[PDB]
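Values quoted throughout were computed directly from the atomic coordinates according to the rules given, and no laboratory measurement underlies them. When we count neighbours, we look across all protein chains shown, and the Cβ atoms used for this are built from the backbone with ideal geometry, even at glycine.
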There are 2 protein chains.
Amino acid sequence: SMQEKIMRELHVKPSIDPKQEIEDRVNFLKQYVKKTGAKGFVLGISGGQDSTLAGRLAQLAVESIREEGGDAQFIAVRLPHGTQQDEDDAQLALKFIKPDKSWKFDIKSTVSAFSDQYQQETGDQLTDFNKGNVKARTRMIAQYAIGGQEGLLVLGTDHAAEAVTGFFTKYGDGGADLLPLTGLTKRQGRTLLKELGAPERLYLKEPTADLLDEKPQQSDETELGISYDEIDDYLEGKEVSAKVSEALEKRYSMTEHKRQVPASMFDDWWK
Amino acid sequence: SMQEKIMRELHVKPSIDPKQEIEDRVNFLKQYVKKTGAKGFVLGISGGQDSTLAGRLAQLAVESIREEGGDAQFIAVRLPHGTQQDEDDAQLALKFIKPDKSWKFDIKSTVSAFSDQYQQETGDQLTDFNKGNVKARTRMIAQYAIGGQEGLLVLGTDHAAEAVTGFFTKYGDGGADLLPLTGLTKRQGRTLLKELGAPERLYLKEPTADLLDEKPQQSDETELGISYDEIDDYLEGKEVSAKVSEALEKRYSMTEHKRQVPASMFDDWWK
Ligand SMILES: [Mg+2]
Ligand SMILES: [Mg+2]
Ligand SMILES: [Mg+2]
Ligand SMILES: [Mg+2]
């Protein structure tokens, strides 16, 4: 079935061993950064589940590399656009993660300069939806600047429940070097974060991209019209309604371009 | 050989028919539009060879879609960082391409905001090289904002002679939706421009990324330490000197990450 194909493409297991998934994903981070010769990792810490989880895995990987006599560091970076409404949850995430370094880059001045230029050149106001993707891409630029300056790889937080819906900005938070959370459903991520000892406030925090000025902290599920638990059931191979399977198989086909390198006439996936 | 392998991977011919190449690449643009229900394209026009060629192909594609009773448009966009030294060549390119719409977005104020913020937050000035990658990624954001506002796809200008060296910014000019130039060597791109009747200045000038404030209009070959004739000979299957194969095969391996989606533990290419 199409559910099985998608499950397999996205690397989703029906059941997991949380402790061994943590070990395997820490080990992937160590293997990849050692293979490449990079000095460690950078990651934007939003206060949300996925970056809290990826951040803690990164910090565990660099601690293990130093325990072996290697040189590795993790830079966590706060990337508010001006005042972030849930700053307290991001600060809670930093207290849990205990990153080597805690940096901050406020993207508001960059985003405002871009938006103001846009209206100057075109005569058109940049709309809230397009400005939200500007913010996500400006966060990518900030993380790659830190990484370029410091010799680090940029972590991404994509996982199967965001992959299957294409619920990320293309070349924004989709732009990253390596992905420790690939294959995890939303609830499986949550299980890892709880096993790592995070408080409920972090592992049960409502998912949000928080990109819009007109509707700050808008829930992902409001935008999707589908819950993460339904997504997660689909991806783990449980039975879902026809409405759920139909809507997710259409969104998956519609967003394949975000899960492939740019299309050329030699590619067969878009045909 | 690894030469033959890289030729296959990058889709390169030793031998092409220029009229057929143009037909195929225009037909790809039209097919991708028809399949996806897309409304046209946006592309940064630099005054260099590659964006000249991709831009004229895009304009031929949208003219053919409209001749067939469809709806499509092409927005060409100038993306100077303040005063661009070869603005005249970009204007010559626009005059040849004859785009439906020619827009402009000066990226300087955005890049200066970002760079001033970086130094305020970190106490470090961005290297000229890191700031040049900020410029390339800001150009990606500009094209995606125009595309997002207007309902268009973003063209990229990657081709085999840039792909083999990884000579593009990751999620900068590498970040695009579809690629009309895939598989072309540099001299093959020149041959297609000659068939389309381009002004010779645009294919005789030196290739340049022109990203650096301190070394403006730096030639690609100065940065690479290898010429386009050498790259093209390699890619076209011609017997080359061992020094060229050594240099290119090392760059190709080192930059594989730029030609794959972000790495996960379920990928083996990187190990
Ligand atoms: Mg997320
Ligand atoms: Mg979030
Ligand atoms: Mg080029
Ligand atoms: Mg150029």
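What number of residues within the range A:173-218 are more than 13 Å from ligand 1 (Cβ to nearest atom), touching a strand residue (DSSP E or B) at 6+ places or on another chain (Cβ under 9 Å) and charged (D, E, K, R)? Final tally of qualifying residues: 1.
The listed residues are B:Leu212, B:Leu235, B:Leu224, and the only one of them that is touching a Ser or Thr at 6+ places or on another chain (Cβ under 8 Å), within 16 Å of ligand 4 (Cβ to nearest atom) and either within 14 Å of chain A (Cβ to nearest Cβ) or under 26 Å from B:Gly44 (Cβ atoms) (or both) turns out to be B:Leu224. Filter the range B:46-58 down to residues that are surrounded by 24 or more Cβ atoms within 10 Å (Cβ to Cβ) and either hydroxyl-bearing (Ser, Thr, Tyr) or not in a helix (DSSP H, G or I) (or both) and give me whichever is nearest to ligand 4 (Cβ to nearest atom). Checking each candidate, the answer is B:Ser46.
Pairs linking a residue in the range B:95-110 that is touching a residue at least 24 places away in the same chain (Cβ under 8 Å) and within 7 Å of chain A (Cβ to nearest Cβ) to a residue that is in a loop (DSSP other than H, G, I, E, B) and surrounded by 17 or more Cβ atoms within 10 Å (Cβ to Cβ), with Cβ atoms under 6 Å and 6 or more positions apart or on different chains, are B:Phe105/B:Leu79; B:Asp106/B:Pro80. Report yes if some residue within the range A:191-204 is within 27 Å of A:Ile22 (Cβ to Cβ), surrounded by 20 or more Cβ atoms within 10 Å (Cβ to Cβ) and more than 14 Å from ligand 2 (Cβ to nearest atom); otherwise report no. Yes, the conditions are met somewhere in the range A:191-204. Pairs are defined by a Cβ separation below 7 Å, a sequence spacing of at least 6 or placement on different chains, a first member in the range A:244-257 that is in contact (Cβ under 8 Å) with a residue 24 or more places away in the chain, and a second member that is of a type in the set (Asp, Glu) and surrounded by 16 or more Cβ atoms within 10 Å (Cβ to Cβ); the pairs so defined are A:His257/B:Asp177. Among the residues of the range B:116-136, which ones are surrounded by fewer than 18 Cβ atoms within 10 Å (Cβ to Cβ), facing another protein chain (nearest Cβ under 9 Å) and touching a residue at least 12 places away in the same chain (Cβ under 8 Å)? Correct list: B:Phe129 only. For the range A:31-55, enumerate the residues that are more than 23 Å from A:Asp220 (Cα to Cα) and either within 15 Å of ligand 2 (Cβ to nearest atom) or in contact (Cβ under 8 Å) with a residue 40 or more places away in the chain (or both). Passing the criteria: A:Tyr32, A:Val33, A:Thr36, A:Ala38, A:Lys39, A:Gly40, A:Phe41, A:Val42. Selection of the range A:163-172 for residues being buried (at least 24 other Cβ atoms within 10 Å of the Cβ) and more than 11 Å from chain B (Cβ to nearest Cβ) yields only A:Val164.
Scanning the range A:139-168 for residues that are among the hydroxyl-bearing types (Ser, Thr, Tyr), closer than 21 Å to B:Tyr144 by Cα and touching a residue at least 40 places away in the same chain (Cβ under 8 Å) yields a single hit, A:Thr165.
Here is a check on your reading of the model: is A:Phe167 within 15 Å of ligand 1 (Cβ to nearest atom) and of a type in the set (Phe, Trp, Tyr)? The answer is yes for A:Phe167.
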